[PDB]
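None of the figures in this text is laboratory data; all of them are computed from the coordinates on show. All Cβ positions, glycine included, derive from the backbone under ideal geometry; neighbour counts span all protein chains shown.
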Amino acid sequence: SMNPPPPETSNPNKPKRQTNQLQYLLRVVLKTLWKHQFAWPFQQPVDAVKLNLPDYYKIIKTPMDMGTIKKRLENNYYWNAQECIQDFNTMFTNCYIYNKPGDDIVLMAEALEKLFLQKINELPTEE
Ligand SMILES: CNC(=O)c1[nH]c(C)c2c1CCCCC2=O
């Protein structure tokens, strides 16, 4: 019933690089999803105490949310775009695994994932 510590967003010993795909992931992908009318449930870790979801972290073992992804993109945590794409996919999958079909939260994730998939389809070639 308690919340875990949040995912890691800072690790000085992880090697980092600034690349055009990672810049696209922040400037196009994250920003597009973050401003959406359905973004709010995904802008921060699930607070299972205040939301009264005592079994959430019993089921979800790799929590992920766009607040964590945003901080990671600010902190160069991902060496490559596939790592950040994986974090978005984990966020959507957690929602589909935990909830029931047709719940509001699932409809919201699906609308964000539709936009995510379209933006990833146009991920630029590495420079
Ligand atoms: C403010 N955040 C929410 O309301 C929120 N965010 C997520 C990803 C969920 C919830 C509660 C609905 C059911 C659980 C769920 O997956």
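Residues that are without any contact (Cβ under 8 Å) to a residue 12 or more places away in the chain and among the charged types (D, E, K, R) were ranked within the range 9-54; the one that is nearest to the ligand (Cβ to nearest atom) is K50. Checked against the criterion of being under 19 Å from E110 (Cβ atoms), assigned to a loop (DSSP other than H, G, I, E, B) and either in contact (Cβ under 8 Å) with a residue 60 or more places away in the chain or away from the ligand (no atom under 15 Å from the Cβ) (or both), the range 61-79 contains not a single residue that satisfies it.
If we scan the range 87-96, do we find a residue that is polar (S, T, N, Q), outside any helix (DSSP H, G or I) and without any contact (Cβ under 8 Å) to a residue 60 or more places away in the chain?
no
Within the range 27-58, which residues are basic (K, R) and either outside any helix (DSSP H, G or I) or under 23 Å from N76 (Cβ atoms) (or both)? Listed by number, the residues that qualify are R27, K31, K35, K50. Only one of the numbered conditions (1) out of contact with any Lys or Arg (no Cβ under 8 Å at 6 or more places or on another chain); (2) closer than 28 Å to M2 by Cβ is violated by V106, and that is (1). So which residues in the range 9-44 are of a type in the set (S, T, N, Q) and touching a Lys or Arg at 6+ places or on another chain (Cβ under 9 Å), if there are any at all? Selection gives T9, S10, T32, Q43.
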